[PDB]
Structures are given as C-alpha cells and as structure tokens.
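A single chain comes next, written as structure tokens; it is the form deposited without the named molecule.
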C-alpha cells in the first residue's frame, strides 16, 4: 500500500512515467484508472484517451475513410469496376477498431502483471493529503474506498474530456467518445468545431455515409484550424469542400430538438436550421481536474482550469506533479509521453530534463492530411525582425491522373531571414504526417533553409519539394508582409 510513485490516469503520460519509474529505477509504482478496456461508460481506460477514444482508433477510421478516395482514384490508373456495387460497411470498421483497441488494452494488462512493483488499481483517484491517494468506486467523493495509497510522489495524468456547450438539447448531441461507437454510420451529420477532431471526423463520416448522405462541419468563426498555417487552413477547407463536405463558417448551434423520427433539428445562432442524424460536438477539450479533489491539498489551477506546472511538471505542492492534457497546453500524446519520461528522469533518475514544447511535429489526419512543426509565419513575424516564407503549392502528377486535381500539395518553410534558421515547416498533402517527423529533428538541430536546399532530393516524392526552395516567396519585415525586402 506504500509506493515511491502513485499515478492517477493510466494514459499516454501516466503509463510512460509508471513503466519508466518501475523498469529504469526499480521504483515502486501504483497506477489508477477507472476502466481496464475501451468504451462506455468511461470511454478512456488503461492505455488512456489516445489508445481507447483518440489517435489510435481515429487513425484506423481515417485509414478506412481513405479507401473512398483510393477507389475513385484507381480508375485513372486503369482499375475497372462497377461503382454501383461499392458499400462502406461502418459496422465492420467499428468491430475491427474495437478488436484492435481491446488487444492494446490487454497488452497493457500483461505489462502491469509481468512488471515487478508496477501495480494497476481500478477505480477513481483523488487526493486525500500531500502523500495519500484514495481509490474510490465512483467519481463521487462519498463512494467506498477500494484503496489508500501512500505516495513519496503523486503524478496527476487524468488528461481531458470533451466540452459540450450548455445549449438546449445538448443531450441529443454526442462527442468524439460516442462517435467511436455509433451502431450505424449517420446519413447526415453536423460536426461542431473547426479543430482537428471535427475536421478528422467530418472526413470519416464523409467516406462511410449511406447514399444521399451529407457531412456538414460548422465553425463559429471565419476559417477552420486556427493555429495552423493560413495557406493550409484555406486549402484544407477547399479540399474538404471538393470531397462533398459542406463547411458552415461563422455558424454555431443555439439549440437542438428531436424530430418525431428521432433525427436532430439544429437551430444556429444565425437563425438557420439543419436536420441531421448526428450532432457531434468537438468545440474543445478540458482538463479532468474536478474528480481529483484538488481543494483537499491546494493544487493551483490556471485561469483556464489546467493544473499549473513549472518546466519540471511540478505543482505548487512538493511531491505532486502533473503532465499531459490536465496541464491544458499542447494536447498531444507524444508531448504527454515526453513530460512523463522527463519527470521520472528528473525525480527518480537524478537527471533533470524539461520537455521542449517548441518545434513539436504534429499532424491532422484530414483528407488530405497536414504535417506541421514550429512557428506559423504570423507568429514568427511578431518575434523576428525579418521572416522569409518559401512556398511550393501544386497538384502532384499522380493526382492529375487520379482525377483529384484539387489535391494541391502545400510545402511552406518559415525562416528567420537574418540567419536562415528554419522556424516552421507546414505541409498539406498525402504523406505530410510521415514527411514532417524528421523535420522535427532538423528543427532541434537548428537547420537553416540552406541545410534543406543543399540536401539532395529523393525523387520522385512530395518530400523533395522541401529541398528545392532557395528563393523566398515573400517576407515579413517588422511584422509587415511584402513581396521584396527593402
């Protein structure tokens, strides 16, 4: 019942911290989660949000959705078929995804049993005191104590949870959590939000919709994918539109009612209406702090609800740390993992290390996908006197043959024009997520535009475009956009 480390949440960050502590420093670790395998009622489970209702299932489902493009595109390369026999069996996709996620759930179970002093506890973690975690049967603080855990160090890794706008008929709407388990693919769906989860799911639904189906994505402002490169935001919008997805910008649901047939009558703030079979809210995720009872030990939260941390993932309470989505910064699995590894190398390995939250490669499995690392030009332009933008945007040849002429590949490099240093790389097109990973290493090594253009291309690839840009397309000078320097 006494542990070097107690971790609340057996997710991306929590398991990395847990496993590393146990196996790298022979430490004694307790990991708490509410559920041992994916799905209702708690959705996240052993493995965390990414494994159960996140990156893993989403990617399998986006891969499934990609086959709609492959069938259509194959014809240009001489593939012949009756397009009339083509059906997208959503139920098969969901059962395959479920089997894949369950096997990972079982993978982690074996990990805990096989591993000395690494123990899993089922139930709800909360803080009783500085050095005691209590595991309860429910999220209610009043429920039975399954366990009392003595902790030299406590790690909070409870991640995040979908925010559902408090509108009349929100109970008719789902989140990404329920999207993973729909028994049937919606004919008509409204994905609410302009971020990666809304965009990815619009893609998935668009491929699996029954005949005369329609995917509508709404976003409360003017242009989806805030924080992404502007060229890419406008291009993804076009390419989603080109593939039959209806993008409603400057629109936001005001309420939902059930029609008598069980469909959803959506009324927008603008007064517009839309009938859909599914309303999926993806307007944001919020740190899961409530249920930990942070009032009991005085862990400080931010003006946004995230556990306040320093560079070393330390709370205001010594021995108590927080990593991943609960910190409400970059909500990415590899960041959570990095923070967990760093924390344990600091606290248990006597090798202090801080996660670098700059120059993080990330992706959107939009169709087609985004791969990005480092600063967008608007952000670079406020920090640096002289910023150069290099841009190549063209439909690759195979997509002239495929018939998908709308699939422009976009490659942008943003530099500090004073020394050539690459500040950001932004890709839109097939392969972008794979291309961008080694770009992350390049940025860690402080690569300049001349390091890219002096490297010999791999031909033929989209990636070689990154090694073919020698001349800026335009600049920002003291924040001002212009074709040419003074």
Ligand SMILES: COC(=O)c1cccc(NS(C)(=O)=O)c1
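Numbering follows the first chain given and starts at 1.
Absent from the display: the form deposited with the named molecule bound. The rest refers to it.
Engineer: So if I measure heavy atom distances to the named molecule in the deposited bound form, which of the stretches 264-272, 249-257, 143-151, 176-184 falls within 4.5 Å?
Structural biologist: That would be 176-184.
Engineer: Spell out, yes or no, whether the shortest heavy atom distance between residue 348 and the named molecule in the deposited bound form is within 4.5 Å.
Structural biologist: Although the named molecule is absent here, residue 348 would stay clear of it in the deposited bound form, with no heavy atoms inside 4.5 Å.
Engineer: Contact with the named molecule in the deposited bound form for residue 116, defined as at least one heavy atom pair within 4.5 Å: yes or no?
Structural biologist: Output for residue 116 is no: heavy atoms all beyond 4.5 Å of the named molecule.
Engineer: Would residue 369 sit within 4.5 Å of the named molecule in the deposited bound form, counting heavy atoms only?
Structural biologist: Result no; residue 369 lies far from the named molecule in the deposited bound form.
Engineer: Would residue 287 count as a contact of the named molecule in the deposited bound form, using a 4.5 angstroms cut-off between non-hydrogen atoms?
Structural biologist: Residue 287: no, not in contact with the named molecule in the deposited bound form.
Engineer: Have a look at 164, 95, 242, 301 for me and say which one sits with a heavy atom within 4.5 Å of the named molecule in the deposited bound form.
Structural biologist: Spelling it out, the residue with a heavy atom inside the cut-off is 164.
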